[PDB]
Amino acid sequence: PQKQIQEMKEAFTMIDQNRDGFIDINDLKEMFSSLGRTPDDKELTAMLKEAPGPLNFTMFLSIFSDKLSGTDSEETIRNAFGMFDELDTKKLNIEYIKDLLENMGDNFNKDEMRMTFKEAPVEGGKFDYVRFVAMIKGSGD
């Protein structure tokens, strides 16, 4: 990924206050702090441990891309939604999408459901899938 990979180098280096060229317990441990509630023991190792061994960038990337690895673009996800609005109205009916999500495909459960619609942009019974897409990606809020 273009600016994607490129950026990693930039993040990578911040991800390391010593420059030892690797992210040890400290480097993460002492940036985070430069911000808030430095985690509890359980969290830090849990985190670093996700890595078999020392963080050689190649390991940062592989883990991060390994996580996203399965995502799609904005124009894509919003096109998927657009396959259920044959009219191109830019919105879906709330009950329709709540049923599509909960009883078909790989069914969501009462939890994934609550979590998804808590901050869903829904005016007058119409679920604005265009925004929602910006919300999930980050293009918006």
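The first residue of the shown sequence is 1; numbering continues from there.
For the two regions 98-106 and 45-53, the entry's Cα B-factors average higher over 45-53. Averaged over Cα atoms, the B-factor as recorded in the entry is higher for 55-63 than for the other of 55-63 and 111-119. Per the deposited record, the Cα B-factor of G82 falls in the lowest third when ranked against the other modelled residues of its chain. Annotation for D24: CA B-factor lies in the middle third of the chain's modelled residues. For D40, the recorded CA B-factor ranks within the highest third of the chain. Only modelled residues enter the ranking.
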